[PDB]
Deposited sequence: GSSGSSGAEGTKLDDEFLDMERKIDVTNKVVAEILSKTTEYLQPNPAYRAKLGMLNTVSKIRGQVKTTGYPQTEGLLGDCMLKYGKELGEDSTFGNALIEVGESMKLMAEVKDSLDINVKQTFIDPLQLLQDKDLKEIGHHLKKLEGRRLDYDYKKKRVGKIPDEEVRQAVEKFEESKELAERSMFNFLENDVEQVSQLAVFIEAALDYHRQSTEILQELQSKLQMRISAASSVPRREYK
């Protein structure tokens, strides 16, 4: 009955992390409350929606991209800054899709998975623990003489007791499944950073050249 209390506190900790990792992650994607979907919407596992943001939100990078492009054009094709702006905004727009993906890939590939874990094994463990605890109470009170009752009460207490140790031990003997999940997250985060590097590197060059050409001519005084 000791292991029990110990395996329990562990699933108990397991629960706290899943929720926490979920919110902390979901937040990592959209730090701004204004552009972070309702929890109700983020609580659904949509195999056709990885959206973590609110309908239409261009993503920060997109907003930084639109303005550089709008105003860069206004400045005319004769201004080095306006033309560079158009190129930088162009890049920023492509930086918004690479982010849209990070969001999506993490929603459906890491968050929803941790959610199915919540809605299945954990919830199941819960009822096994909740039924048990309940079975445990009606027995204490009853084991002090009633009137076929004391009988099928104990047998009910054991069923629920083992059944609670089964699914619970068979989960704390699972671990590795959750660890593989984490990995799925790091992988998704990896493309986002590598792909964001490639775009920025491209832009970096496109800008290093513009400066050079413009700098190899004596600016009018």
Quiz prompt | Missing residue ranges, deposited sequence indexing starting at 1 | solution = 1 to 13, 161 to 164, 239 to 240
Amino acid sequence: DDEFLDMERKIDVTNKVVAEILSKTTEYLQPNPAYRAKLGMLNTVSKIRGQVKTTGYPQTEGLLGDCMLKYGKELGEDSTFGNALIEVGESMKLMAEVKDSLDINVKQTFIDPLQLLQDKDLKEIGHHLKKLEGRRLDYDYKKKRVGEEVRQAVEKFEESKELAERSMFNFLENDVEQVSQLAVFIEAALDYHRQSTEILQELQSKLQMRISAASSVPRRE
From here on, numbers count along this sequence of modelled residues.
Practice problem: Averaging the C-alpha B factors as listed in the entry, name the stretch that ends up higher: 96 to 104 or 71 to 79. | Solution: 71 to 79
Quiz item: What stretch has the higher average Cα B-factor here, 107 to 115 or 126 to 134?
Solution: 126 to 134
Self-check item: Out of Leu182, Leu29, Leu64, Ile48, highest CA B-factor residue
Solution: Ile48
Quiz item: Within this chain, which third does the Cα B-factor at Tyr35 fall in: lowest, middle or highest?
Solution: middle
Quiz prompt | For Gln195, the third of its chain into which the C-alpha B factor falls | solution = lowest
Exercise. Using the B-factors in the PDB entry, rank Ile186's C-alpha atom against the chain and give the third, lowest, middle or highest.
Key: lowest
Quiz item: Lowest, middle or highest third of the chain for the C-alpha temperature factor of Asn170?
Solution: highest
Exercise. Ordered by C-alpha B-factor within the chain, which third holds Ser160? Give me lowest, middle or highest, please.
Key: highest
